[PDB]
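What follows is my_file.csv (CSV, C-alpha atoms).
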```
chain,number,residue,atom,x,y,z
Y,2,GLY,CA,-39.3,52.9,-72.4
Y,3,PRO,CA,-39.9,53.0,-76.3
Y,4,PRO,CA,-39.0,56.1,-78.3
Y,5,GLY,CA,-41.8,58.5,-78.8
Y,6,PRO,CA,-43.6,59.0,-82.1
Y,7,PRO,CA,-42.3,61.3,-85.0
Y,8,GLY,CA,-42.8,65.0,-84.5
Y,9,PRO,CA,-45.3,67.2,-86.3
Y,10,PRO,CA,-44.7,68.3,-89.9
Y,11,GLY,CA,-42.8,71.6,-90.2
Y,12,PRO,CA,-44.3,74.9,-91.2
Y,13,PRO,CA,-45.1,75.7,-94.9
Y,14,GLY,CA,-42.2,77.0,-97.0
Y,15,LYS,CA,-41.7,80.6,-97.9
Y,16,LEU,CA,-43.1,82.5,-100.9
Y,17,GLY,CA,-41.4,81.7,-104.2
Y,18,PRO,CA,-39.2,84.0,-106.3
Y,19,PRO,CA,-40.7,86.8,-108.3
Y,20,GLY,CA,-42.2,85.7,-111.6
Y,21,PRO,CA,-40.7,86.2,-115.2
Y,22,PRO,CA,-40.7,89.7,-116.6
Y,23,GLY,CA,-43.8,90.5,-118.5
Y,24,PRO,CA,-44.3,90.8,-122.4
Y,25,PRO,CA,-43.5,93.8,-124.4
Y,26,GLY,CA,-46.3,96.4,-124.3
Y,27,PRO,CA,-48.7,96.9,-127.1
Y,28,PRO,CA,-47.7,99.2,-130.1
U,2,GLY,CA,-41.4,52.8,-68.9
U,3,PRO,CA,-43.9,54.7,-70.9
U,4,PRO,CA,-43.2,55.6,-74.5
U,5,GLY,CA,-41.3,58.9,-74.8
U,6,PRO,CA,-42.6,62.3,-75.9
U,7,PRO,CA,-43.4,63.2,-79.5
U,8,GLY,CA,-40.3,64.3,-81.5
U,9,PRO,CA,-39.5,67.9,-82.5
U,10,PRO,CA,-41.4,69.7,-85.4
U,11,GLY,CA,-40.0,69.0,-88.9
U,12,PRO,CA,-38.1,71.4,-91.1
U,13,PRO,CA,-39.9,74.2,-93.1
U,14,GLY,CA,-41.4,73.0,-96.4
U,15,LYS,CA,-39.9,73.8,-99.7
U,16,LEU,CA,-39.8,77.1,-101.3
U,17,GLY,CA,-42.9,78.1,-103.4
U,18,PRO,CA,-42.7,78.3,-107.2
U,19,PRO,CA,-41.7,81.4,-109.1
U,20,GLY,CA,-44.6,83.8,-109.5
U,21,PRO,CA,-46.8,84.5,-112.5
U,22,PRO,CA,-45.3,86.5,-115.5
U,23,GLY,CA,-45.5,90.2,-115.1
U,24,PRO,CA,-48.0,92.3,-116.9
U,25,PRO,CA,-47.6,93.9,-120.3
U,26,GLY,CA,-45.0,96.7,-120.5
U,27,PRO,CA,-45.9,100.3,-121.3
U,28,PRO,CA,-47.1,101.2,-124.8
K,2,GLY,CA,-38.5,56.6,-73.3
K,3,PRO,CA,-36.5,58.9,-75.6
K,4,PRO,CA,-38.3,61.7,-77.5
K,5,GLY,CA,-39.2,60.7,-81.0
K,6,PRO,CA,-37.4,61.8,-84.2
K,7,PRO,CA,-38.0,65.1,-86.0
K,8,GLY,CA,-41.2,65.4,-88.0
K,9,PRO,CA,-41.5,65.5,-91.8
K,10,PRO,CA,-40.8,68.6,-93.9
K,11,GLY,CA,-43.7,71.0,-94.1
K,12,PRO,CA,-46.0,71.7,-97.0
K,13,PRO,CA,-44.7,73.7,-100.1
K,14,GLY,CA,-44.6,77.5,-100.0
K,15,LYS,CA,-47.0,79.6,-102.1
K,16,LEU,CA,-46.1,81.1,-105.5
K,17,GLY,CA,-44.0,84.2,-105.5
K,18,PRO,CA,-45.0,87.8,-106.5
K,19,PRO,CA,-45.8,88.7,-110.1
K,20,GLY,CA,-42.8,89.4,-112.2
K,21,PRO,CA,-41.9,92.9,-113.3
K,22,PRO,CA,-43.8,94.7,-116.1
K,23,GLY,CA,-42.5,94.1,-119.6
K,24,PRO,CA,-40.4,96.6,-121.7
K,25,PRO,CA,-42.1,99.1,-124.0
K,26,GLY,CA,-44.0,97.9,-127.1
```

Translate this structure into structure tokens?
Amino acid sequence: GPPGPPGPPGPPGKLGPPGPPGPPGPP
Amino acid sequence: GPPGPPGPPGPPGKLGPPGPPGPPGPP
Amino acid sequence: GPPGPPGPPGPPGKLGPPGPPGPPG
């Protein structure tokens, strides 16, 4: 018979990397 | 014959973006 | 018939953790 339809989309990706380091503190 | 089953689930999506900048440092 | 082909890639991940605190002022 015909091939079946395409499977479901995969799961979402994983969390991204940690963000950039923050600014210097106030004086 | 009938059409075949649905295909397998896709791959996991792409990695998320880097996070927000950190907070200000200590004084 | 044969099973279908693999599905599409999933949706994008969420943003990561906050970065580290900065250095001293």

Find the residues around segment 14-17 of chain K up to 7 Å (all atoms listed in the file counted), leave out those fewer than 3 positions away in its own chain, and share them as a VMD selection string.
(chain Y and resid 13 to 20) or (chain U and resid 14 to 20)

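The list of residues within 12 Å of (-39.1, 51.0, -62.9), counted using only C-alpha atoms, is residues 2 of chain Y; 2 and 3 of chain U; 2 of chain K.
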
Superposition RMSD [C-alpha atoms, order-paired], chain U onto chain Y:
0.5 Å

Could you check how far atom CA of residue 18 of chain K sits from atom CA of residue 25 of chain U, in Å to one decimal?
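Atom CA of residue 18 of chain K sits 15.3 Å away from atom CA of residue 25 of chain U.
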
Excluding residue 24 of chain Y and any residue of its chain fewer than 2 positions from it, enumerate the residues within 10 Å of it, using all atoms listed in the file, and give them as a PyMOL selection string.
(chain Y and resi 21-22+26-27) or (chain U and resi 22-27) or (chain K and resi 21-26)

Tell me which protein, DNA and RNA residues are within 12 Å of residue 3 of chain K, counting all atoms listed in the file, leaving out same-chain ones fewer than 5 positions away, and put them as a list in words.
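After dropping sequence-adjacent residues, the list is residues 2, 3, 4, 5, 6 and 7 of chain Y; 2, 3, 4, 5, 6, 7, 8 and 9 of chain U.
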
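From atom CA of residue 10 of chain U back to atom CA of residue 9 of chain K, the distance works out to 7.7 Å.
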